[PDB]
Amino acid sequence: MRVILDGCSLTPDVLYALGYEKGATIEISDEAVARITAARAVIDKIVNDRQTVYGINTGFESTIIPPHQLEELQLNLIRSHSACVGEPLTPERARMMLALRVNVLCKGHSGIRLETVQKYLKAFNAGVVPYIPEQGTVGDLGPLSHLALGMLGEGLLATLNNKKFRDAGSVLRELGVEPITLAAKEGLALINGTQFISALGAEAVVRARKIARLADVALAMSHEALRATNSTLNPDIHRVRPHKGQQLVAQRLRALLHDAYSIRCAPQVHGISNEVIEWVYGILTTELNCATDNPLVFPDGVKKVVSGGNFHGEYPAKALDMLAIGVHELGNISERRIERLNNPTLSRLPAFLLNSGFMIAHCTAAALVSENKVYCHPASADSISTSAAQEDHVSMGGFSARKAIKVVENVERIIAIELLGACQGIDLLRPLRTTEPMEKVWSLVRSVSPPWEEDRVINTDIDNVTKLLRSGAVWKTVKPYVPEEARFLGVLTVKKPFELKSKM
């Protein structure tokens, strides 16, 4: 897989693939190359003409810095801003941030040199693993500086073939990549932006979209195991409560299948979760293709170098706080259906499906839902300002992105527990059969987890079914039975950006 970046076409799903698919590689388009060199020409003219421009050849102090002191300034910037702490990002997430960094630079408004972008490109393709401590950003100078630090051959680096973090200098020699060198503005160009929040957010919303579909598969199985009626899927019901999500979820369920609230009101609950995920997906897709640099370089603009606030991460921060809340509800209602499966008076099945069955598995699901409620608190609602700097308002979206991933990770396990329990319900109902797509899912689950005869170590089954869900095999199985519109695919193509009806 070789992806061509141009700063306009990147989707969260492609970025996720860039981080997680073996053999992923990036290149930049010819039009991106043209934009980058055009922007750099502006910078080179300002520096050569010894013209004073804040952010270009000024200090920290609107006076002109001498050339040699200007190179040293870039290095001091990268080093002093490498202030992050805690556990480093996983190799996949660190490399997602790297690729996203390159994509944003492709818009050609940072003033970066082409050769610096190439060294970033070459490092990615060679399999570099940046060392990015996950805590520090207030929304992403820190994370992006740690990225640039490794590209300077300083600090720590790893590789895909050897993920033990070691001397960055030796790793670059290992990969045959010459370290970057920094000219004017290159220091800021590399570390200004929302790429830590947005890369992590990209993974979150991708995983969220996929678990939203899978939640309906688990629900369908529970529906069958509990022997519920199809009455609540009547399209007349959802025609008169015509939210997009609710209608789409009901159609998805009808494809798979053609009571209690956790089943009967599922379209009315999954629906809004789906719409939140779809909305967040749109916000993030725009953000992955934004020029978050400062100051901005516009070679064809009335002003060639402009100071703005595009580095502020409130947009993806807010979106990720809401993603967590939306995804959380999928697990919340799922846990209740798990409760019905284990309850003998509710299921008309053997209790918990001298044996305890899936009793404690429901417990695990409830614990995950409970901790998700804490993670539902909006991190971006807080701002802590540095008084005598310029930064008097920040997004605090670093934690928004991380806890969004955690909530989805938790909900994935919850859905796995429901699906696992519901499949056992199907066993208990034999020789009864369910629908063709659901029988295929059941067989798929049974290929990694045998039916529950005697008690056994159940965390193994939970983890196996979770692996199964994350593999994509479950959705791939039911996919051809579902109408195209109900497959959650519309967000996979980049829409044209909003345009003012007046350019005033």
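From 1 onward, residues are counted along the sequence shown.
Extent of unmodelled deposited sequence, residue 140 relative to residue 139: The entry has 1 to 3 unmodelled residues between residue 139 and residue 140.
Deposited residues omitted from coordinates between residue 239 and residue 240, as a class: Gap between residue 239 and residue 240: none.
Entry-level comparison of average CA B-factors, 178-186 and 324-332, reporting the higher stretch: Higher mean C-alpha B-factor: 178-186.
Entry-level comparison of average CA B-factors, 452-460 and 470-478, reporting the higher stretch: Higher mean C-alpha B-factor: 452-460.
Most elevated Cα B-factor in the entry, residues 416, 363, 217, 291: When the deposited C-alpha B-factors of 416, 363, 217, 291 are compared, 363 is largest.
Residue selected from 251, 434, 274, 395 by maximal Cα B factor: It is 434.
Residue 154, C-alpha B-factor rank within chain (lowest, middle or highest third): Middle third - that is where residue 154 ends up once the chain's C-alpha B-factors are sorted.
Residue 280, C-alpha B-factor rank within chain (lowest, middle or highest third): As the PDB entry reports it, the C-alpha B-factor of residue 280 lands in the lowest third of its chain.
Where the record places residue 427 (Cα B-factor, split into thirds across the chain): Tercile = highest for this residue's CA B-factor.
CA B-factor ranking of residue 131, expressed as a third of its chain: Answer is lowest: the recorded C-alpha B-factor places it there.
Third of chain Cα B-factors occupied by residue 15: Answer is lowest: the recorded C-alpha B-factor places it there.
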